[PDB]
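What follows is a single chain, given as structure tokens, in the form deposited without this ligand.
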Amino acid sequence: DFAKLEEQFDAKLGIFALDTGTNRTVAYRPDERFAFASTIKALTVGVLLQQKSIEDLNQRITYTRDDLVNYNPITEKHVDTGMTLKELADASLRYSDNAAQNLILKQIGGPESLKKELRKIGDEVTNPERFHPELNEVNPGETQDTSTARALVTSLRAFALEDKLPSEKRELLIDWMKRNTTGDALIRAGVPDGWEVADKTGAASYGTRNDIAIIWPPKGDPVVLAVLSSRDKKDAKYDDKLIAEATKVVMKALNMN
């Protein structure tokens, strides 16, 4: 079924899913690298949370037009007032605000700092190097700003569900991701209505289209999923339907739907 989706959508798919209740997995090219694009924003907030108290998220960040980049849906409205770190995390996660990601990344010490903190949580794969807009531009074979489906799942799980954060911080992260506005055509579109989904989307050059998520069936332990994709041509379009359909194959394979 994954090969058939690659054929229908002229794309390369990377899939990893873990049922945290059983330890069963679904995998298809799970260790192939893709540009992570804005899926990195979830791990970036994980690191922010780890390094701050919750009250410390109330720090107000002043910024200017020079901090705004290519896509600033929330941050462009608040240049005059600033935004708190909490507000920047909300913007980054729920709207994929690129300026918010760059401001958070600067607060935590820049891409190299983020990389060091990911290594500390056990991720030796994810390779943050650049800010937006450049991080979304990755050529075939390059490893800058890439990860794999397996590593993104492992890292997302570690922050949201395991012991890289204390419970109140896990809850912030999960609630922001559950209320994401950008993912309705992706993993959410392959999950029955009513099941809670926390997700973060991304897109990059070479038609890269990604979504990472935690899916809660009405009872029982959650599934952590990464669906990554890319194409042959630099300026290629993506199709969200590939990601929705891949998700439905994962849900069948896990006997959840």
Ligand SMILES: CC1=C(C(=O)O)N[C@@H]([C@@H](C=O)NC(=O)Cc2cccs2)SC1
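All residue numbers refer to positions in the sequence shown, first residue = 1.
Original post:
Is the mean CA B factor in the deposited entry higher across 211-219 or across 228-236?
Top reply: Higher of the two, by average CA B-factor, is 211-219.
Original post:
For the C-alpha atoms alone, is the average B factor greater in 143-151 or in 105-113, going by the entry?
Top reply: The entry gives the higher C-alpha B-factor average to 105-113.
Original post:
Of the choices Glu134, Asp175, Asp97, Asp123, which one's C-alpha carries the largest B-factor in the record?
Top reply: Max CA B-factor in the entry, restricted to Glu134, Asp175, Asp97, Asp123: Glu134.
Original post:
Whose C-alpha has the highest temperature factor in the PDB entry: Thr44, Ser38, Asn70, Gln59?
Top reply: Reading the PDB entry, the winner on C-alpha B-factor is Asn70.
Original post:
If you rank the chain by CA B-factor, which third does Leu156 end up in: lowest, middle or highest?
Top reply: As the PDB entry reports it, the C-alpha B-factor of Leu156 lands in the lowest third of its chain.
**OP:** Going by the recorded CA B-factors, say which third of the chain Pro166 sits in, lowest, middle or highest.
**Re:** Within its chain, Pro166 is a middle-third residue by C-alpha B-factor, going by the deposited values.
Subject >> Relative C-alpha B-factor of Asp199, binned into the chain's lowest, middle or highest third >> reply: Its C-alpha B-factor, which the entry lists for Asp199, ranks in the lowest third among residues of this chain.
Original post:
Once the chain's modelled residues are ordered by C-alpha B factor and cut into thirds, is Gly190 in the lowest, middle or highest one?
Top reply: Its C-alpha B-factor belongs to the middle third of this chain's values.
Original post:
Would the CA B-factor of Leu18 place it in the lowest, middle or highest third of its chain?
Top reply: As the PDB entry reports it, the C-alpha B-factor of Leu18 lands in the highest third of its chain.
One more form of this protein exists, namely the form deposited with this ligand bound; it is left out here, but the text below deals with it.
**OP:** Tell me, please, which stretch of 76-84, 91-99, 109-117, 160-168 lies within 4.5 angstroms of this ligand in the deposited complex when heavy atoms are compared?
**Re:** Selected range: 91-99.
Original post:
Does at least one non-hydrogen atom of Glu142 fall within 4.5 angstroms of this ligand in the deposited complex?
Top reply: Contact with this ligand, no.
Original post:
Is there a non-hydrogen atom of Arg188 within 4.5 angstroms of a non-hydrogen atom of this ligand in the deposited complex?
Top reply: Residue-level check for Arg188: no, no contact with this ligand.
Subject >> Contact label in the deposited complex: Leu49 to this ligand, heavy atom within 4.5 Å >> reply: Judged by the heavy-atom cut-off of 4.5 Å, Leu49 is well away from this ligand in the deposited complex.
Original post:
Is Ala203 one of the residues lying within 4.5 Å of this ligand in the deposited complex, judged by heavy atom distances?
Top reply: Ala203 belongs to the contact set for this ligand.
Original post:
Just one of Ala226, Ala198, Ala42, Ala37 has a heavy atom within 4.5 angstroms of this ligand in the deposited complex, so which one?
Top reply: Here the answer is residue option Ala37.
Original post:
Which pick from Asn58, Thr64, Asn70, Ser53 sits with a heavy atom within 4.5 Å of this ligand in the deposited complex?
Top reply: By the 4.5 Å criterion, the partner-contacting residue is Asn70.
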